[PDB]
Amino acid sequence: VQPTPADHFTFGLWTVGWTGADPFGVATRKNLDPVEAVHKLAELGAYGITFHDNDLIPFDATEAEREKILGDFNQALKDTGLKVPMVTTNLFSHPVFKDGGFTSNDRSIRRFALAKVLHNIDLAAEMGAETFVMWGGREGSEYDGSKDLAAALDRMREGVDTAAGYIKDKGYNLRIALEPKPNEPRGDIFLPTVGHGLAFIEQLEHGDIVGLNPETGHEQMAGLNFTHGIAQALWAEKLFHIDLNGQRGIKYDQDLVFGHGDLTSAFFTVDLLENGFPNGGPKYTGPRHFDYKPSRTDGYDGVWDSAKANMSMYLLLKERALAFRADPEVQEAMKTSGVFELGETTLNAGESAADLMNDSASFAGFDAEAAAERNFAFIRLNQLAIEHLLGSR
């Protein structure tokens, strides 16, 4: 498996660029020049690169420097042909954002945070980004009395709707994608899972251009099924972007290589992204973005091995998932378990609630004890998937 730009594999500048400082220690690697990053990613088969405003342009940088940095950055995009599909803003690193960007208790920080996002939408448009991600990493609290919970959501809505209306007013060809996270760095983050993110978007004025940017590790920190989560995002037509990585359990966010976390769940994620639904339905056609961090124990060879590893892992899984669905033993097992049977409507065309109630065969003369004898054979179906995954079928 060798990735090619047609695979649509994008990487964030901060991923490979992650130097190793964790809470208990300092960087273990030297800074990675962004132009070096572009050249190396492009040679590995990457289609595009994403970044946070401050990943490329320092917070203090003068206008001269911004322009200098951008010019070299754009040259490298040109030299290689790497695209920039998604742009995001850093509203969490600087001490000013310690209580949040949009939901900062301080009004002057909320205005600063929002102006930072508005300027960043202009650079996104300029770069050719199709998606603008918003990860509200410091929106939340450690203590329950720190915030007025309704005001926190009024304030989150106000910023997202202001950013959304601004895209609409300039006619930028951009969608906003919100990224849910249960905790870390805040004790409790607002919009903690895919569900809260999706619900939130239905209360927005400009909801039509606001979707989600779910991350594997993030849902797994709440012990949720990532494939069930993305399935619901997809079903709602809100799966706008995706961040792929690995996590081994409910603990700090590990940010491992995709596939180095929960392997079986990674296989079913690849099956949904690549194959979609068994009865047919929506499909996710966007970039396959890897949002991970190369372990601080490894040197730069490990950084480039790690980036290669995301792509191979995904291609190995895809192959196994195409073999699995194409298998006639599997398709027949699927039939036995009712996968296709779930696809038929419960009610007959034209039947009503009154009709169903009063139909003796569906209720009053229904043999519940006979219907309960059905062997759904979910275990055997699950064993077929694992054997395809182990490359044994």
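So that there is no doubt, residue numbering starts at 1 and follows the sequence shown.
Could you check which stretch, 212-220 or 315-323, carries the larger mean CA temperature factor in the entry?
In the deposited entry, the stretch with the higher C-alpha B-factor mean is 315-323.
Averaging only over Cα atoms, indicate whether 23-31 or 347-355 has the higher B-factor in the PDB entry.
Mean B over CA atoms: larger for 347-355.
Identify, among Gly261, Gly137, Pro287, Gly128, the residue whose C-alpha carries the highest B-factor in the deposited PDB entry.
Top of the list by C-alpha B-factor: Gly128.
Selection by C-alpha B-factor (highest) of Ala151, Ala124, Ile250, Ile230:
Largest recorded C-alpha B-factor: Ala124.
Per the entry's values, where does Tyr172 land by CA temperature factor relative to the rest of its chain, in the lowest, middle or highest third?
CA B-factor rank for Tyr172: highest third.
Using only modelled residues of the chain, where does the Cα B factor of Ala42 rank: lowest third, middle third or highest third?
Tercile = highest for this residue's CA B-factor.
By its CA B factor, does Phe9 count among the lowest, middle or highest third of the modelled residues in the chain?
Highest third of the chain for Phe9's C-alpha B-factor.
Lowest, middle or highest third: where is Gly165 by C-alpha B factor in its chain?
Its C-alpha B-factor belongs to the highest third of this chain's values.
Which third, lowest, middle or highest, does the CA B-factor of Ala371 fall in along this chain?
As the PDB entry reports it, the C-alpha B-factor of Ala371 lands in the middle third of its chain.
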